[PDB]
Amino acid sequence: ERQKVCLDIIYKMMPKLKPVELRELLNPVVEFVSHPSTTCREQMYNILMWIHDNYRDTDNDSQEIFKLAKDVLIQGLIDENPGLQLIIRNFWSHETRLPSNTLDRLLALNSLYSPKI
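What counts, and where the lines are drawn
- Residues numbered from 1 in each chain as written, not as in the entry; some residues may be left out.
- Part of a larger assembly, values for the part shown.
- Heavy atoms only, no water.
- Residues with missing side-chain atoms left out of burial classes, pairs and counts.
- Helix = DSSP H or I, 4+ residues; strand = E, 2+ residues; numbered from the N terminus.
- Rg over C-alpha atoms; globule rule 2.2 N^0.38 Å.
- Axes fitted to C-alpha atoms, helices over the stretch in contact; angles between N-to-C directions.
- Parallel < 35°, antiparallel > 145°, perpendicular 65-115°, else oblique.
- Left-handed = near helix turned anticlockwise from the far one by under 90°.
- Contact = heavy atoms within 4.5 Å.
- Nonpolar A, V, L, I, M, F, W, Y, C, P; charged D, E, K, R; others polar.
- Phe/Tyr/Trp six-rings, centres within 6.5 Å; stacked < 30°, edge-to-face > 60°.
- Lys NZ or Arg CZ within 6 Å of the ring centre and 35° of its normal.
- Expected span 1.5 Å × (residues − 1).
- Buried < 20%, exposed > 50% of the residue type's maximum accessible area, 1.4 Å probe, protein only.
- Polar contact = N/O pair within 3.5 Å; in protein donor to acceptor, adjacent residues only side chain to side chain.

- In terms of determination method and resolution, the entry is listed under cryo-EM at 4.55 Å.

Observations concerning the overall build of the protein chain
Thinking step 1. Along its length, the protein chain carries six helices and zero strands.
Thinking step 2. Going from the N terminus to the C terminus, the protein chain shows its helices and strands as α-α-α-α-α-α.
Thinking step 3. Relative to the globule expectation of 13 Å for 117 residues, the C-alpha radius of gyration of the protein chain, 14 Å, shows essentially globular dimensions.
Thinking step 4. Once the C-alpha set of the protein chain is aligned to its principal axes, its extents read approximately 45 × 35 × 25 Å.

Quick word on the packing of helix α1 (residues 2-13) against helix α3 (residues 38-55)
Thinking step 1. The N-to-C vectors of α1 and α3 enclose an angle of 15°; their axes lie 9 Å apart at closest approach. Taken together, α1 and α3 sit at an angle that is classed as roughly parallel. For the pair α1 and α3, the crossing hand works out as left-handed. Contact with α1, carried on its side by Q3, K4, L7, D8, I10 and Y11, involves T39, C40, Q43, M44, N46, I47 and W50 of α3 and no other residues of that element.
Thinking step 2. Here the residues of the contact of α1 with α3 are counted per class, giving seven nonpolar, four polar and two charged.

Topic: the packing of aromatic side chains
Thinking step 1. A complete count under the given rule lists one aromatic pair for this structure.
Thinking step 2. Seen from the ring of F66, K70 lies directly overhead, with NZ or CZ sitting 3.4 Å from the centre.

What about helix α4 (residues 60-75)?
Thinking step 1. Over its 16 residues, α4 runs 22 Å from end to end, which matches the ideal 22 Å to within 8%, given 1.5 Å per residue.
Thinking step 2. Taken residue by residue, α4 has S62, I65, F66, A69, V72, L73 and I74 as its buried positions.
Thinking step 3. Of the surrounding secondary structure, the elements contacted by the buried residues of α4 are α2 (19-29), α3 and α5 (82-92).
Thinking step 4. The residue sitting at the N-terminus of α4 and contributing the capping side-chain oxygen is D59; that oxygen lies 2.9 Å from the backbone nitrogen of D61.

Examining the side chain of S62
Thinking step 1. Note on placement: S62 falls in helix α4.
Thinking step 2. Here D59 takes part through its backbone oxygen, which lies 2.7 Å from a polar atom of the side chain of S62.
Thinking step 3. Filtering out sequence-adjacent residues up to four positions away, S62 remains in contact with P19 and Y55.

Some remarks on the packing of α2 against α4
Thinking step 1. Orientation of α2 relative to α4, taken along the N-to-C sense of each, is 30°, at an axis distance of 9 Å. For the element pair α2 / α4, the angle class is roughly parallel. Where α2 crosses over α4, the handedness of that crossing is left-handed. On α4, the residues touching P19, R23, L26 and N27 of α2 are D61, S62, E64, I65 and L68.
Thinking step 2. Considering only residue class, the contact of α2 with α4 consists of four nonpolar, two polar and three charged.

Put into structure tokens, the structure is as follows:
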């Protein structure tokens, strides 16, 4: 319950924050991947897509935050919950996340990789 309410707080508050604070804020947030609750993982994923869409566009630290966000998102591609798998597939299959052109989609996903996945 604390995890859920804290993540809801983060979801309602991030646009007010700045990348300098967001760095240190997110540094422990990503720890809750593989947490024993699909709810918290889903909420932090919502955080992650919010950041990624708001940071896929420049300051070096913001670039580092956005890189960490995309990295953990790639780590989030593997889900024990099939619903999380479906929602992450819906997210990544989107045009902004993946170019509609098959050639361009292939070129984009080349960068997408994790040694864990």
